[PDB]
Amino acid sequence: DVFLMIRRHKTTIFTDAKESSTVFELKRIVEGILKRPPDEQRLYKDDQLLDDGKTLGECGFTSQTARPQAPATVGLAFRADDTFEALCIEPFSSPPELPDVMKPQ
Amino acid sequence: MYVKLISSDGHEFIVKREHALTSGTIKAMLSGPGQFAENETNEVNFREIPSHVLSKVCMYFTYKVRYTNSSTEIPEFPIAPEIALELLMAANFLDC
Amino acid sequence: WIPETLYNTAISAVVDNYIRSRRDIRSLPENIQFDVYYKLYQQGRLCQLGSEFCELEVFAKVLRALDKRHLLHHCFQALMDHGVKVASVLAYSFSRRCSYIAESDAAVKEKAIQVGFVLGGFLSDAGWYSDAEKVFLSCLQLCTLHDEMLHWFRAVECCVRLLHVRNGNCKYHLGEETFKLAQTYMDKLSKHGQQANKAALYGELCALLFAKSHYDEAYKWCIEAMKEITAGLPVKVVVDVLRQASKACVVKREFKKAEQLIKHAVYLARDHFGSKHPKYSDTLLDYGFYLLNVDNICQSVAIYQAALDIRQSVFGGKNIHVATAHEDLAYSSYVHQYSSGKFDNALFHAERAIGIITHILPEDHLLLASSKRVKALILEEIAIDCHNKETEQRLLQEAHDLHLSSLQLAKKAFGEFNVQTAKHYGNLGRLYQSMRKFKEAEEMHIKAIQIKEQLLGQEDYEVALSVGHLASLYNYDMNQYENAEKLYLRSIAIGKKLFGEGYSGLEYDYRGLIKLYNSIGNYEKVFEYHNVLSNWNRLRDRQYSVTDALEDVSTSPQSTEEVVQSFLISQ
Amino acid sequence: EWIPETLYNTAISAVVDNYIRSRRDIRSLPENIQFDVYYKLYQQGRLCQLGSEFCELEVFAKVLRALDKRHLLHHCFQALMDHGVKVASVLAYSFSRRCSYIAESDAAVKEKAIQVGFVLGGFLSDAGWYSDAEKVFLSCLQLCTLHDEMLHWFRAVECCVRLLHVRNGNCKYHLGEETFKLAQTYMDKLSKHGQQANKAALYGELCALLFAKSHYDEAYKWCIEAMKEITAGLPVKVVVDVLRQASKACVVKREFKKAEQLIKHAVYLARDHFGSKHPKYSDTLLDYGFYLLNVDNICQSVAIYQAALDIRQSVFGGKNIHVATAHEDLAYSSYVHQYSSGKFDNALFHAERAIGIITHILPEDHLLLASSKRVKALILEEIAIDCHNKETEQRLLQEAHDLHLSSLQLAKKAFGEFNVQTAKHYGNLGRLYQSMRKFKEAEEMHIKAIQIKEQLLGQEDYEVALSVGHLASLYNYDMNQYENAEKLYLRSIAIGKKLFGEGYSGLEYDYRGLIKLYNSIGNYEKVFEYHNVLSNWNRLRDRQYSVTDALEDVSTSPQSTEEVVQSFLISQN
Amino acid sequence: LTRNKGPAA
Amino acid sequence: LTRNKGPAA
Ligand SMILES: [Zn+2]
């Protein structure tokens, strides 16, 4: 059982899937959520594309690095006029950086 | 079965509806005039909660739903030291 | 197992980087700050918690959480056991801010009083009357300046509380002038076309005069307090007035009239406050007082132990309220097990009370004298029930030291012609009878009888006990049988008139009377007193079938108006 | 002379008195300055300002890096734990929570956290908070088991060696075997690739576990293995620990000749490398006193324990488990020493100080508390049979019955039904029932103690001799089965003479019982025979008795390492 | 048991 | 005395 975050720009999908599940099943999930056919989607893991026939465990999504308390980011892009934009995962807001207590004045 | 938890920065965390109803406040937001969103997912606006805090809240939702009533040993939720203060006010406000 | 709440997880994660967020926790919502500080207490970080609870900036936001106040009463206690003098530091901080704010407008000063009222009420609830009195004195000083009606109302509301904190600290001499000042403000407020509900003030004065052993004045003022009970009064005030009026009725030999008062007080406390509240514990403690003074001791222990368990779970360890519950339960277990000799539990509670009081109160305090006297009473009977004479001469010497300390404290504070010093003299007479000092025992018992007959009528419970003690000294030891005969007869008359034929001390009185008439030659009277004693034992065995006192009140027995009106029409 | 105070110590006093406002800048001071500020805070009595800074892993890591001044840090930490603040639990929880957030990070920060955890867990194991050091070492273990590498295997096997020590001291023996199996797994993995880890400390810890579990033979085997795996490059702590545990396994295996050299060399190493005021030297003295008490050197065994307590009480404050163990060992040795005198005032004082400490810091269901109860009961019961009162005697018998029953239940729950210490409890109950004037149950208790100590240990051991002596004293005085009493007296005398020679101090009571038995049965010639035997025994007792202190026998050793170890190893055949 | 109990706390 | 010492601590 593997937990992911599909991060099409500002959207974030907290879906769950099995390791034995294929990438095309994940695209079907995104189809069920974003109403986009699987041919329109291109999934990216760490700026590396995922083949449709590859299983989720094949691409590097194990239940040890994509646990529910820290899911693994999975990029996604949508086809725009017979093309495909690059991944544009916008970063989350930077937390207020707490200063180190041992930093000298 | 999916709800779009829009954050203050415009981030749209699409989480499963069963997951989001863990928190009492989102359950209250999705009850009444807030459930009139006919367009599939119910967009919940969170103009106070930032994206980095709402993301950890959604991760807590999918963590508590998965790890509920489980006989196995349960790891604690990882909360960063710099985010604990902001997540604490969002945990009170959301009643999660 | 169920997953831990994100609230609790974030609390655990904000405590851990405590230095990186110490100044940011104070900016949290007021119901998260207390949860963070309770996590500091739970984690054992009492040293980091003391540095935060000692600031009135931080403690004010903690006192406004009322659901989780019973938690705070534990945390605030733990620091006072940790060695952090949180109560005195908070009182000093409040006095300093009052000194700095006294030269300001009445709008801001009223907010400082309201912070003062909740803080002083917390310190008096927790038992720190010596430190709650400073806060209430500062509030009274704030109210004294402006002479408008609101300031007079706040001043009388702080003098009905200043009287309470000067009664738990045993400062009745200051309590009299505090009540005089409250009466002055009440008269001034009445002269301005407004009436203040003088029920709490009169109840506190009843408690003062009963603690000062002025049972006639205490009864008069409790009647005047119960006259002023209305429907709009807070439940705390109604409960306090009912409780103090019950004690006054009990000590004025009105057991049939105090029963309804104390049962309704216990019902009110268990209804509003709950079964685990310190006010419910106070009502249980004085219900046990009533039951102990109506010869219902066999279940009185079941009520003090219920009262102690509530106080020991809310107020932690070394607290004066736990100490009072211990010294009260130690005396009941002394009485309940007087015929059994198993005073190991009674002594355990008695030395626990002194162990608490000597830590938190000075050696020159009245409330230490009552704890010492209970342990001294328990040490008397343990000494006369052991076998080694070295123990019989060491335990009795310790009891002598304790009784002399109690007598000198009660004589310094109350005086020489009071009832507490009279019963101290009676206890000294009992102890000297145990120590084979028969002449001095006779002198002490004569002094006790003289003082109690001068004040407590002639057919009262206390004078009956002192007469029984002197008569047992004359009969069993001094062999002055003709003198002991009349005293046994008077003790029997009082015991039958007050408690009927089921009184527990009637056993000792009948046994002494049997030996009295056996050693003089009235043998047919000795036989008739054997059959009278057998009838008494059968009657007590029949009377043993009494249900627990926490089930007598049942659910919704009466209401406040009915009980108050019944007491009022019953003279 | 009024020497002016150092500007360092004068500024330290000025800064500490300013600690209300200069509390954030001190945390950015050099480590040697920073610790001195906190030590001055302790010396001024301001533990609440000190305890609010030692409850933080970052701040406590900078004061833990002062290795020379850790003898002061231990006393400060014990004062904080006696203060009321739970610094040990707070630091353990902080480290356990903080390691999980970086367990997924790079290897450099993981190694830094592993070093911090080693330092903190070593401190908490030295102080005695084994339950609060198990969390730190467990967290270090999860840090050590995420990457497959040589150095991470080294760190993991070190984590399992140190985690075995915090589970022996916490009396968690049902987890210690699992920990040793995991350590052996990681060590075999490490040796698979051709890199052999050193197994001296691991086998020494397993020997200590098995001795504590009363498996004396397998503990002896594992200490033999540990001595076999001692090299020259080992740290002094590991060598001292292995030597101590090997000596303890040898002395309970009745090989007093090897145990003497082992523990004397251990004491020499501990005093030389560490010093005369070190916790490790105190532990070595405690094991030396155990040897002396088990080889009939009681008079200096008491003095050795008093030296062990005077070090642990000077370093580890007042209320510590290590001071508690020193108290309970000194109380039992004093009890044994004054068993023929009856002056059980200091022994009872030490035994009650060993229970008033453990009940504070350990739960009532802890095994280590049970032994501290034993040492009290054997004292209290004796005070019952020397007092001149009857009710006091009955009360003391009831209290000792409660103590032995609680200790027996704890031993049965933890260890099991059939081992050496449960049978020791049974023998204690037999003695108690003999004293409690209930000899029918005393016979059954002694019989079952004999059965357990004879089917598990040998038939010629010290404990078996002690229990047959107790049973025959029960018979020949009260139960009056004279044939069994005579045969058990002869068995006890033979075993004692074989083990400790004629100078054994435990033969006096056996001889007295046998003399009374023969006076009650006859054969006056044999009565005179055993009377002159007792006279010769007392002659040998007064002779060769004026011996020097046992801390003097451990002088500058003319035998160094790889000579005591080799002498022990080559003598095993 | 030649006497009665003690008066009050 | 009556018997021997006490077994172990
Ligand atoms: Zn402190």
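I'd like a description of the pattern of salt bridges, backed by residues and values.
This structure, assessed with the given rule, holds 65 salt bridges over all chains. Taken together, the shared-partner salt bridges connect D240(C), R243(C), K247(C), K279(C) and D286(C) into one network.

Describe the UniProt feature "repeat: TPR" in chain D, and please don't skip the residues or the numbers.
Residues and elements named next belong to chain D. UniProt tags residues 44-77, 114-147, 200-233, 282-315, 327-361, 423-456, 465-499 and 508-541 as "repeat: TPR". The span residues 200-233 carries 76% helix and 0% strand; its end-to-end C-alpha distance comes to 11 Å. In the segment residues 465-499, helix accounts for 94% and strand for 0%; the C-alpha atoms at its two ends are 10 Å apart.

Got a sec to walk through the interface of chain A and chain B? Specific residues and values, please.
Each partner contributes residues to the interface: chain A has 23 residues there, and chain B has 25 residues. Carbon and sulfur atoms supply 64% of the area that chain A and chain B bury against each other, a total of about 2,100 Å² over both sides. Of all residues in chain A, the largest losses of buried area upon contact with chain B belong to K10(A), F14(A) and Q69(A), amounting jointly to 34% of the total for that side. Here chain A is connected to chain B by zero salt bridges. Of all the elements in the fold, those that place two or more residues in the side of chain A that touches chain B are β2 (11-14) and α1 (23-34) of chain A. Of all the elements, β2(A) adds the most residues to the side of chain A that touches chain B, at four residues. In the side of chain A that touches chain B, the residues fall into 13 nonpolar, six polar and four charged. Here four bridges tie β2(A) to strand β2 (residues 12-16) of chain B, and the two strands are oriented parallel to one another. From the neighbouring strand, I13(A) faces β2(B), where its bridge partner is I14(B).

An account of the coordination of the zinc ion is requested, with residue identities and associated values reported.
Within the protein, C47(C) (SG), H82(C) (NE2), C48(D) (SG) and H83(D) (NE2) serve as the donor atoms for the zinc ion, at 2.0 to 2.3 Å. Classification of the site at the zinc ion as irregular follows from its four donor atoms and the range of 90 to 136° in their angles at the metal. Of this pair, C48(D) sits in helix α3 (residues 47-54) while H83(D) is found in helix α5 (residues 70-83), placing the two residues 35 residues apart along the sequence. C48(D) sits in the partly exposed class, given a relative accessible area of 22%.

Before we move on, could you go through the interface of chain E and chain C and cite the residues and values that matter?
With nine residues of chain E at the contact, the number on the chain C side is 29 residues. Of all residues in chain E, the largest losses of buried area upon contact with chain C belong to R3(E), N4(E) and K5(E), amounting jointly to 47% of the total for that side. Where chain E meets chain C, there are one salt bridge. One salt bridge connects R3(E) with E381(C), and the closest N-O pair in it is separated by 3.4 Å. The residue makeup of the side of chain E that touches chain C, split by class, is four nonpolar, three polar and two charged.

Thresholds applied
All residue numbers refer to a per-chain count from 1 along the written sequence rather than necessarily to the numbering of the entry. Residues that lack coordinates are not shown. As a convention, the first chain written is A and the first ligand written is 1, with the rest following in written order. Part of a larger assembly is shown here, and the values speak for that part only. Think of the side-chain values as coming from all heavy atoms in the structure, minus any hydrogens and water. The working definition used for a salt bridge is a side-chain nitrogen of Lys or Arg within 4 Å of a carboxyl oxygen of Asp or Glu. UniProt positions are given in the numbering used here, feature names are shortened, and annotations may be inferred rather than shown by experiment. Each helix corresponds to a stretch of at least 4 residues labelled H or I by DSSP, and each strand to a stretch of at least 2 residues labelled E; elements are numbered beginning at the N terminus. The contact rule is simple, with two residues in contact once any of their heavy atoms fall within 4.5 Å. Here's the idea: put two parts together, see how much 1.4 Å probe accessible area each one loses, and the total over both is what we call buried area. Three residue categories are used. Nonpolar comprises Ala, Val, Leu, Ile, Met, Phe, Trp, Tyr, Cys and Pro, charged comprises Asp, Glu, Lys and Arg, and polar comprises the others, including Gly. Think of it this way: DSSP has to see at least two bridges between two strands before they count as a pair. Only nitrogen, oxygen and sulfur atoms qualify as donors, and only when within 2.8 Å of the metal (3.2 Å in the case of Na, K and Ca); with water excluded, sites may look incomplete. Labels for metal geometry use angle windows, namely 85 to 135 degrees for all angles of a four-donor tetrahedral site, and for square planar (four donors) or octahedral (six donors) sites opposite donors over 155 degrees apart plus all others within 65 to 115; sites meeting none of these are irregular. Between buried and exposed lies partly exposed: a residue is buried under 20% and exposed over 50% of the maximum accessible area for its type, with that area taken using a 1.4 Å probe on protein chains only.

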